[PDB]
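Q: Can you keep this structure in mind? I'll have questions shortly.
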Amino acid sequence: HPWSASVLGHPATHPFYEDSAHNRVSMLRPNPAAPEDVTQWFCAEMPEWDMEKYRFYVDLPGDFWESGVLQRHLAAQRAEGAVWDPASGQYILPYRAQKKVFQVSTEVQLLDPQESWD
Amino acid sequence: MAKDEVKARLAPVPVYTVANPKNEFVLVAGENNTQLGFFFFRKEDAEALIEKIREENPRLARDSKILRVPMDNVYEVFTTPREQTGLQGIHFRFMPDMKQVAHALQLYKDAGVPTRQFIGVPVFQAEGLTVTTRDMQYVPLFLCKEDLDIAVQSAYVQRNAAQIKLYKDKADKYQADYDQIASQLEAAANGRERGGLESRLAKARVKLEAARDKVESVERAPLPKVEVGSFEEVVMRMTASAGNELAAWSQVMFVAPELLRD
Amino acid sequence: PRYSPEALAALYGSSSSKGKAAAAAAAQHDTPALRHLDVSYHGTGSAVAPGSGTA
Amino acid sequence: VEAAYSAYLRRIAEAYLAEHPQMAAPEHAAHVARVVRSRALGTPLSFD
Amino acid sequence: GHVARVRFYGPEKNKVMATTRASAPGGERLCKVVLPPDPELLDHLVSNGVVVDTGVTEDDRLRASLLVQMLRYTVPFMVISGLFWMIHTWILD
Amino acid sequence: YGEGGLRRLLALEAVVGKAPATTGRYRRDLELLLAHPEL
Amino acid sequence: XXXXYXXXXXXXXXXXXXXXXXXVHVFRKXXXXXXX
Amino acid sequence: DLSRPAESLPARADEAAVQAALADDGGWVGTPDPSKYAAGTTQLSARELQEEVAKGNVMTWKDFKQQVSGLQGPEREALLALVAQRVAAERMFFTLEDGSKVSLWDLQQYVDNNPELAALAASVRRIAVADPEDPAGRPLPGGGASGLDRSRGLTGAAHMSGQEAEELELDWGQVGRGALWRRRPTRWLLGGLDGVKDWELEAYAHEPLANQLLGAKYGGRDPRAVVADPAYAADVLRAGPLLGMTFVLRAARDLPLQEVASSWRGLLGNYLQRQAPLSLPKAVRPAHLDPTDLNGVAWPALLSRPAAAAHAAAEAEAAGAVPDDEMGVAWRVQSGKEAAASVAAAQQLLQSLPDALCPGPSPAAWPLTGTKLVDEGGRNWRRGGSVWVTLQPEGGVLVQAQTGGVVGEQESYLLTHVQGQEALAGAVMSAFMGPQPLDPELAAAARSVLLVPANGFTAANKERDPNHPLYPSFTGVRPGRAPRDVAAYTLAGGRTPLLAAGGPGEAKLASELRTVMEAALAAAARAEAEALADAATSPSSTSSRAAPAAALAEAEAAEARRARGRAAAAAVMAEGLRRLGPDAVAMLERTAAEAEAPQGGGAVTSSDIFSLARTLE
Amino acid sequence: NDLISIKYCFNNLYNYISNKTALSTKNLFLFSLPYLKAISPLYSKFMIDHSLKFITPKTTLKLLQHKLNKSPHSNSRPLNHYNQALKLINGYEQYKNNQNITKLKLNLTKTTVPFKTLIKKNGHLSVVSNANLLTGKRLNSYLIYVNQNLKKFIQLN
Ligand SMILES: CC[C@H](CC[C@@H](C)[C@H]1CC[C@H]2[C@@H]3CC=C4C[C@@H](O)CC[C@]4(C)[C@H]3CC[C@]12C)C(C)C
Ligand SMILES: CC[C@H](CC[C@@H](C)[C@H]1CC[C@H]2[C@@H]3CC=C4C[C@@H](O)CC[C@]4(C)[C@H]3CC[C@]12C)C(C)C
């Protein structure tokens, strides 16, 4: 659900994480490169076991694997990580490696046909 | 270049000799324990040799059989310890036909140094000639001046025809050329432009006349320079190559004798 | 489409920017395929209705 | 792109040196610059 | 670098069993993975110091599979008969 | 290969990068969630 | 190695001394031998 | 990170001057008051040292003498560690690429202080580096496969993609494989199961030096003729330990240490008894260390001192001895004595085997327990265990161990480093390769494969040389099949290189290139005579002294004349071969390249053309 | 069975040197697996100096020529600086000699090398003949049609 994706303190998520003064926490960061637009801000993602989720159905075409859409996505999201900056001599997590608001990291899981025991 | 490369590159060209039913080579005995092997590029030479054998030995002349092998395994056995098979004076040599060696020596002395002796086996090549594949332009090597120049005449005809129709292409381009030059040489008021544009016409047609001079002088130029060499030397050079001569030798290969004719 | 190399030199060597733009706008081409091939697609129509009686 | 990128580092530099005025002295012309270079790309990663 | 070994198992070798180093979250575990057709996995596996193991892959394929398939087809009848025999004779003999 | 090659060959996407265009319909709401912390 | 030739009936010399008389003349200065 | 360097300070004092401090007196240790004398105090006269020694500032040198004499136990340890890390900090340094001085103590602490960098190094995670270019911090395409990194998880060895192992300086090509059998296998009994092998041994030897020494004497002949005479046999016997030859023998089965230990004692006893005095070279150069430069080695200077190191090396060996043969060694087989005392000391060192391998009855204190080279039971040695042996020139022995298996966690061990033991060195070399070796097959194979690189090449051919006799490289071109129909014989090409044999045109082009040759070499000779007149007619203000320096000036003035002649000849070479064309340069390259000796810098007239080919550079 | 290979090697080597000398004389007259491994128990420079300490080289040969010819920020990760530090420390300890047992900090690289190396240098085009427009209940269709149309009309303004 869009409000259960990021850790924004929207008053539609169940109050899982709260302060002493009972105000939910939020993790926004105003994107110094592109301000003035809240949807391009950075924020942490919520643990998967705390999301409310739709479970949609989809038929894949008969040429899904040999078209390379999932491979393109996997490669795009897994080819970015930490870096060392020698100009400023330090480790750095770049901005293009962080999740904007409402974005999550994909987990692909395949089932085993032999695990059925009909 | 390793020996496997030359064993693969020399295979198409064969050579004839004679063996026994025991698959043994025949040799010629001499003085103080000497023998020698032979390899005749035309089997009639070995046939005449054993016809001479029949002159003095009928047994050996019935005991003959005519073998034809490429230079592959004879070059292999050259690249071996000859005393492993038994050697105390067995010197394998080649025996080219006198026709092509005579053509070779007339090539030799139509250059300026007249002699009547030859080294090796005569190989022929032509300047500009190179057989192009779907990927690269390899150099064909001809033991036969007839086959060499039969390929060379086809290549010469096709190239000089390409040149004649090239000059017809420039004839098209230049009929268009004089069109613009003529379209204002006397069509408008004269002065600056008449001088400039008929100097342009002089430019264009003196250049195109020297051009056609070049085009047909190419045919009036002689036969592209034919060269002759020794097979002994070209092989021992092919074997001991590394570096620039590597890429040089790596695209030369030898055609079969009397293959281009029929 | 096959372009003449002059168009390539025009888009390449010209240090200008809109010079390259006008070069790429004024470039021409030729298509040898118009001299060797003419392709047509057809469907072999049917002679039986998908719900008729002879079906 | 030149003006946009320069103004981006400018804005983040204003923000930082206004957040902590103590190192806003010229003594840090290589220090606050070292922080701007680290902050224009992402977040500084602690080893742990 | 938190896995030590992977072993490609199965009659078609698409599942791998993965051994997790002590440097992993949760200590040592044995974890099974079904993999997609990803032509980039083998390089990622070797160039990080992983011990890869493969089966014997039994080249024949329609001679390796015949008797086991006969068993897959005949054994359910034996299971059903044994279950019913147990209940209906091993009690009320 | 392709078409329009001559025209084929004629900002901060290298840092933050792309802007996601599937979720503008929530922008407004987020703004409100910033203007009233007590919510 | 190499062999010298002289187109005269052409004579030949090996580094015994074959003579290609236009037939042949296997001079010595008897082809009763075989491989072993 | 690194790069904590220092300045150009005088620490290495060129020992000829330090003996002035060796015969010094009235010195001291300390530092006086700064309020009176300036910082940098090594000066102490009579008056001021007297006053401060009555004051409490500085003690005298023989003061420190009897203080160290009296210092016992804990503060002895204190000042020990003090002066130790002090001298490690300000006296012994290494060098960076910039040539500065990083010391011993700071480097020690930098290495074994940060455990976080050790944790980084232990794992594999490779992290791209942001571009120092400021705009986007885009990581560069550096990446890297690093075939040493691609090889972990493997068991036997590390595949290396050739050139990578060459740039790693692994200059020990494998020479021979043999096997120590408890009982060699029989063809007749069933399947040869009777074969029980003790160890699986391999040998290696330095290939550059194998080309350097043995390639200059036994190179250039018939290989069979070179190996056929026993002079080469005594050569490979006595010059073995000079090459730093290595023997790597691995465990093939279960081995209890007592068993194989008694086996080794009985094995090296007979080689200890039956051998004569050793044949050793003469040490031409002292090779002192330069503590302040603790990673600098002089052999590049030794080969490139004046660019004419032949003459200086000759006048240097003039002191020690003149070599006994072609390669450059002045042999000296030691006399009657020094031939049994060393053998007695070797027998003693072997007498320590049952004691050092098996000290006492408790394995808990045995040196083998507690690590995977042997079992946890303390009495068996594991299969895959490897022993490396190396022999320095001057009787020194190096010995290491390595438990095999997963390359990612292989454990290497250094056992001991004894020196001067020429007897055991000779015993090992003449036992592995001697007249009666443990297996003459590997001896023969190793001698022949030590012959093969003396021609210049290297077994395990790490140069992709297409004329390598054992492992040749092929060319990517495909053998073209000339077609029968005349349709691909284009002739539309303008040029292709001339590759005929001896013909009517190539003799001519070679003779005109020879005309250019004589013009060029005559220009070179007259330029050398010009440089002669230049060096002669100039008034060099030189006091006649230091005859070695004057001989060096002679040699390198001749060298300068030769170099000016070389430049002149190269100029007229470009002139002529520009005038005639590229066919001349191609055939000249061919003849010069073949004319160069396969096993030398410049060797087996041809000298002129190959020197001028060096002017082609 | 290494000697078979090395017999072929001796064949090739003798033929190579013989043909090289032959063509040298020729053109001068015209003018006028057993062994695939590598190790390094000691740095090459160190033992090279230690050995050359006894040898007078009259001239430098090909292999040493290559070595001295190869003698003369993309690697600025702290791991690489630690690497070079351990490198120099282990070299120093290697040539410092000249539990009672030491194990190294690095491993010795026993290396294999590859042999038989080379020179250093959509959519688909299906189409029907004639579309079958669905010609050959409907009141509800027309009803919903015009109803949605007039709903849109009233919702325009
Ligand atoms: C015939 C032996 C052959 C391999 C050669 C090995 C066993 C020899 C070569 C160098 C020797 C050591 C030199 C100094 C040490 C240290 C001292 O504490 C005690 C003696 C000891 C071990 C020496 C004795 C054992 C060492 C290793 C095998 C393959 C048959
Ligand atoms: C690989 C053969 C092996 C026998 C062990 C051999 C290699 C011997 C020769 C060198 C010795 C070391 C030299 C002297 C030191 C110092 C001394 O105080 C304590 C013992 C210790 C470590 C010695 C420990 C044992 C060493 C390695 C087995 C497999 C037959």
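Residues are named by chain letter and number: chains run A, B, ... in the order of the structure tokens, numbers start at 1 in each chain, and ligands are numbered from 1 in the order shown.
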What lies within 7 Å of region 17-28 of chain G using only C-alpha atoms, ignoring chain neighbours under 6 positions off, as a ChimeraX atom specification?
A: /B:30-31,48-49,52 /G:9-11
Q: Would you please give, as a ChimeraX atom specification, all residues of chain C that DSSP assigns to alpha helix (DSSP H) based on the backbone?
A: /C:5-13,18-25
Q: Enumerate residues in contact with ligand 2: an atom-to-atom distance of at most 10 Å, counting only C-alpha atoms and all ligand atoms. Format the result as a PyMOL selection string.
A: (chain H and resi 249-251+255-264+349-350+352-359+366-368+373-374+380-382+385-389+397-402+413-418) or (chain I and resi 99-102)
Q: Report as a PyMOL selection string the set of chain A residues whose atoms approach chain F to within 10 Å, with distances computed over only C-alpha atoms.
A: chain A and resi 2-3+8-11+23-24+28+31-34+36-42+94-103
Q: Using only C-alpha atoms, I'd like every residue of chain I that has an atom within 6 Å of chain H; please write them out as a PyMOL selection string.
A: chain I and resi 9+12-13+24+35-40+49+51+53-56+58+60-64+78+81+101-104+107+110-114+116-119
Q: Okay, now the selection with N, CA, C and O atoms, as a short mmCIF file (atom, residue, chain, number, x, y, z; two decimals), in the first residue's frame?
A:
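Produced file selection.cif, reproduced below:
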```cif
data_model
loop_
_atom_site.label_atom_id
_atom_site.label_comp_id
_atom_site.auth_asym_id
_atom_site.auth_seq_id
_atom_site.Cartn_x
_atom_site.Cartn_y
_atom_site.Cartn_z
N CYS I 9 60.97 -31.67 -28.62
CA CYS I 9 61.50 -30.34 -28.37
C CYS I 9 62.93 -30.20 -28.88
O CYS I 9 63.30 -29.17 -29.45
N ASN I 12 62.84 -29.92 -32.64
CA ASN I 12 62.45 -28.58 -33.07
C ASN I 12 63.58 -27.58 -32.82
O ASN I 12 63.85 -26.73 -33.67
N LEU I 13 64.26 -27.70 -31.68
CA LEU I 13 65.29 -26.73 -31.32
C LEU I 13 66.50 -26.85 -32.24
O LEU I 13 67.03 -25.83 -32.72
N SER I 24 71.18 -17.18 -41.96
CA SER I 24 72.13 -16.11 -41.67
C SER I 24 73.26 -16.12 -42.70
O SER I 24 73.50 -15.11 -43.38
N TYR I 35 55.65 -29.36 -17.70
CA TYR I 35 56.43 -28.17 -17.39
C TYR I 35 55.58 -26.90 -17.38
O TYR I 35 56.11 -25.80 -17.59
N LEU I 36 54.28 -27.02 -17.14
CA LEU I 36 53.40 -25.86 -17.13
C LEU I 36 53.06 -25.44 -15.70
O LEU I 36 52.01 -25.77 -15.15
N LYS I 37 53.98 -24.69 -15.11
CA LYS I 37 53.83 -24.19 -13.75
C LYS I 37 54.82 -23.06 -13.52
O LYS I 37 55.68 -22.79 -14.35
N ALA I 38 54.68 -22.40 -12.37
CA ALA I 38 55.58 -21.34 -11.95
C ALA I 38 55.38 -21.08 -10.47
O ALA I 38 54.27 -21.19 -9.95
N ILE I 39 56.46 -20.73 -9.78
CA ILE I 39 56.42 -20.41 -8.36
C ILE I 39 57.37 -19.25 -8.10
O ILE I 39 58.03 -18.74 -9.01
N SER I 40 57.44 -18.83 -6.84
CA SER I 40 58.35 -17.77 -6.42
C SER I 40 58.55 -17.83 -4.92
O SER I 40 57.93 -17.05 -4.18
N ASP I 49 70.31 -10.49 -7.01
CA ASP I 49 71.50 -9.81 -6.50
C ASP I 49 72.39 -10.76 -5.71
O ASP I 49 73.62 -10.75 -5.87
N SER I 51 72.87 -13.86 -6.07
CA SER I 51 73.61 -14.75 -6.97
C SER I 51 74.62 -13.98 -7.81
O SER I 51 75.80 -14.37 -7.86
N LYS I 53 76.15 -11.55 -7.11
CA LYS I 53 77.27 -11.23 -6.23
C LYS I 53 78.50 -12.09 -6.51
O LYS I 53 79.56 -11.83 -5.93
N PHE I 54 78.39 -13.11 -7.36
CA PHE I 54 79.50 -13.99 -7.68
C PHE I 54 79.85 -14.02 -9.16
O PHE I 54 80.86 -14.62 -9.53
N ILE I 55 79.05 -13.39 -10.02
CA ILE I 55 79.16 -13.53 -11.46
C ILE I 55 79.58 -12.21 -12.08
O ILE I 55 79.10 -11.14 -11.68
N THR I 56 80.49 -12.28 -13.05
CA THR I 56 80.91 -11.14 -13.86
C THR I 56 80.23 -11.23 -15.22
O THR I 56 80.66 -11.99 -16.09
N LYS I 58 79.76 -10.40 -18.80
CA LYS I 58 80.40 -9.69 -19.90
C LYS I 58 79.37 -8.92 -20.73
O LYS I 58 79.65 -7.81 -21.20
N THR I 60 74.75 -8.55 -21.12
CA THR I 60 73.44 -8.95 -20.64
C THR I 60 72.69 -9.69 -21.74
O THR I 60 72.74 -9.30 -22.91
N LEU I 61 71.98 -10.76 -21.37
CA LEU I 61 71.29 -11.59 -22.33
C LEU I 61 69.82 -11.20 -22.42
O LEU I 61 69.38 -10.20 -21.85
N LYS I 62 69.03 -12.02 -23.12
CA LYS I 62 67.69 -11.60 -23.54
C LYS I 62 66.72 -11.52 -22.37
O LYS I 62 65.95 -10.56 -22.25
N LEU I 63 66.72 -12.54 -21.50
CA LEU I 63 65.75 -12.56 -20.41
C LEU I 63 66.00 -11.43 -19.42
O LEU I 63 65.07 -10.73 -19.01
N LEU I 64 67.26 -11.22 -19.03
CA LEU I 64 67.58 -10.10 -18.16
C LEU I 64 67.35 -8.77 -18.87
O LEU I 64 66.97 -7.79 -18.23
N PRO I 78 42.34 2.01 0.48
CA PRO I 78 43.20 1.68 1.64
C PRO I 78 43.63 0.23 1.67
O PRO I 78 44.72 -0.07 2.20
N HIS I 81 46.92 0.08 -0.17
CA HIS I 81 48.03 0.58 0.62
C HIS I 81 48.45 -0.43 1.68
O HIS I 81 49.65 -0.65 1.90
N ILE I 101 58.51 -22.02 15.22
CA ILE I 101 58.23 -22.15 13.79
C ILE I 101 57.34 -20.98 13.38
O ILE I 101 56.44 -20.58 14.13
N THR I 102 57.62 -20.39 12.22
CA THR I 102 56.85 -19.26 11.73
C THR I 102 56.06 -19.65 10.49
O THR I 102 56.57 -20.34 9.60
N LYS I 103 54.80 -19.22 10.44
CA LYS I 103 54.00 -19.34 9.23
C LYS I 103 53.86 -17.95 8.61
O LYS I 103 53.70 -16.96 9.32
N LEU I 104 53.93 -17.90 7.28
CA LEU I 104 53.95 -16.61 6.59
C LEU I 104 52.63 -15.87 6.78
O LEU I 104 51.63 -16.42 7.23
N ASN I 107 50.59 -16.17 1.14
CA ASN I 107 50.80 -17.51 0.61
C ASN I 107 51.76 -17.47 -0.57
O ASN I 107 51.86 -16.46 -1.28
N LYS I 110 51.70 -20.83 -6.25
CA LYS I 110 51.96 -21.92 -7.18
C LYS I 110 50.96 -21.81 -8.32
O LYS I 110 49.75 -21.94 -8.11
N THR I 111 51.47 -21.58 -9.52
CA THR I 111 50.71 -21.06 -10.64
C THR I 111 50.76 -22.01 -11.82
O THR I 111 51.81 -22.58 -12.14
N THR I 112 49.61 -22.18 -12.47
CA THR I 112 49.54 -22.84 -13.77
C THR I 112 49.29 -21.78 -14.82
O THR I 112 48.74 -20.71 -14.52
N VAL I 113 49.70 -22.06 -16.05
CA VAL I 113 49.63 -21.09 -17.15
C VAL I 113 48.96 -21.77 -18.33
O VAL I 113 49.19 -22.96 -18.57
N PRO I 114 48.12 -21.07 -19.09
CA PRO I 114 47.43 -21.71 -20.23
C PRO I 114 48.38 -21.97 -21.38
O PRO I 114 49.23 -21.14 -21.71
N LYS I 116 48.63 -23.41 -25.62
CA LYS I 116 47.93 -23.19 -26.89
C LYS I 116 47.26 -21.81 -26.89
O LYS I 116 46.06 -21.67 -27.15
N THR I 117 48.07 -20.80 -26.60
CA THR I 117 47.65 -19.41 -26.67
C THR I 117 48.01 -18.83 -28.03
O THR I 117 48.69 -19.45 -28.84
N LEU I 118 47.53 -17.61 -28.26
CA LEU I 118 47.67 -16.96 -29.55
C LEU I 118 48.70 -15.83 -29.46
O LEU I 118 49.38 -15.65 -28.45
N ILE I 119 48.81 -15.07 -30.55
CA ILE I 119 49.72 -13.93 -30.65
C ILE I 119 49.38 -12.91 -29.57
O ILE I 119 48.25 -12.87 -29.07
#
```
Q: Could you tell me how far CA of residue 47 (chain D) lies from CA of residue 90 (chain A), in Å and to one decimal?
A: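 So the answer is 9.3 Å.
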Q: Could you tell me, as a list in words, which residues of chain C DSSP assigns to strand (DSSP E) when given the backbone?
A: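 Checking each residue of chain C, the strand (DSSP E) ones are residues 2, 3, 29 and 30 of chain C.
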Q: Please identify all polymer residues within 12 Å of region 61-74 of chain A, counting only C-alpha atoms, omitting same-chain residues fewer than 5 positions from it, and present them as an MDAnalysis selection string.
A: (chainID A and resid 79:80 105:109) or (chainID E and resid 36:41) or (chainID I and resid 122:123)
Q: Could you jot down the atom 10 (C, counted along the ligand's line) of ligand 1 to CA of residue 405 (chain H) separation for me, Å, one decimal place?
A: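 Interatomic distance here is 24.7 Å.
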Q: What does the distance between CA of residue 208 (chain B) and CA of residue 190 (chain B) come to in Å, to one decimal place?
A: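 A separation of 25.5 Å between them.
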Q: For chain D, which of A:92, A:118, A:29, A:111 is the closest residue, counting only C-alpha atoms?
A: A:92
Q: When you get a sec, could you note down which chain D residues fall within 7 Å of chain A, using only C-alpha atoms, as a ChimeraX atom specification?
A: /D:8,12,34,37-38,41-45
Q: Which residues, written as a CSV table (one decimal) with N, CA, C and O atoms, in the first residue's frame, have at least one atom at most 6 Å from residue 4 (chain G), with only C-alpha atoms counted and residues fewer than 5 positions away on the same chain left out?
A:
```csv
chain,number,residue,atom,x,y,z
B,118,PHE,N,70.3,-22.3,-61.5
B,118,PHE,CA,69.1,-22.0,-60.6
B,118,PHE,C,69.3,-22.7,-59.3
B,118,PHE,O,69.9,-23.7,-59.1
B,119,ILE,N,68.6,-22.1,-58.3
B,119,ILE,CA,68.6,-22.6,-56.9
B,119,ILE,C,67.2,-23.0,-56.6
B,119,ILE,O,66.2,-22.2,-56.8
G,12,UNK,N,72.5,-31.6,-63.0
G,12,UNK,CA,72.1,-31.3,-61.6
G,12,UNK,C,73.2,-31.7,-60.7
G,12,UNK,O,73.9,-32.7,-60.9
G,13,UNK,N,73.3,-31.0,-59.6
G,13,UNK,CA,74.3,-31.2,-58.6
G,13,UNK,C,73.7,-31.1,-57.2
G,13,UNK,O,73.0,-30.2,-56.9
```
Q: Residues of chain E no more than 9 Å from chain H, counting only C-alpha atoms: send them over as a PyMOL selection string.
A: chain E and resi 1-2+4-5+43+46-52
Q: Export N, CA and C atoms of the chosen residues as a tab-separated table (two decimals), in the first residue's frame?
A:
```
chain	number	residue	atom	x	y	z
E	1	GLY	N	30.97	-12.17	0.01
E	1	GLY	CA	31.76	-13.32	0.40
E	1	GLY	C	31.28	-13.98	1.66
E	2	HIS	N	30.00	-14.32	1.74
E	2	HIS	CA	29.45	-14.99	2.91
E	2	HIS	C	29.01	-16.41	2.63
E	4	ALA	N	30.31	-20.22	1.19
E	4	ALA	CA	31.53	-20.97	0.94
E	4	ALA	C	31.38	-21.90	-0.26
E	5	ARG	N	30.27	-22.63	-0.33
E	5	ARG	CA	30.09	-23.65	-1.34
E	5	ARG	C	28.68	-23.56	-1.90
E	43	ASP	N	30.12	-16.48	-13.37
E	43	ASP	CA	31.25	-15.59	-13.14
E	43	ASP	C	31.17	-14.96	-11.76
E	46	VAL	N	32.35	-17.69	-9.27
E	46	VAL	CA	33.77	-18.03	-9.18
E	46	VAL	C	34.60	-16.85	-8.73
E	47	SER	N	34.36	-15.65	-9.26
E	47	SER	CA	35.24	-14.52	-8.98
E	47	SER	C	35.07	-13.97	-7.57
E	48	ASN	N	34.28	-14.62	-6.72
E	48	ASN	CA	34.21	-14.27	-5.31
E	48	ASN	C	34.65	-15.43	-4.42
E	49	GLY	N	35.38	-16.38	-4.99
E	49	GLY	CA	35.94	-17.46	-4.20
E	49	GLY	C	34.93	-18.43	-3.65
E	50	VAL	N	34.01	-18.90	-4.48
E	50	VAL	CA	33.01	-19.87	-4.06
E	50	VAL	C	33.37	-21.22	-4.64
E	51	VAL	N	33.30	-22.26	-3.82
E	51	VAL	CA	33.53	-23.63	-4.27
E	51	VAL	C	32.25	-24.13	-4.92
E	52	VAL	N	32.29	-24.31	-6.24
E	52	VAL	CA	31.14	-24.80	-6.99
E	52	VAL	C	31.31	-26.31	-7.15
```
Q: Would you pick out the contacts of residue 59 (chain E) at 12 Å or less, using only C-alpha atoms, so that residues sharing its chain but fewer than 5 positions from it are not included, and give the list as a VMD selection string?
A: chain E and resid 11 to 12 64 to 65
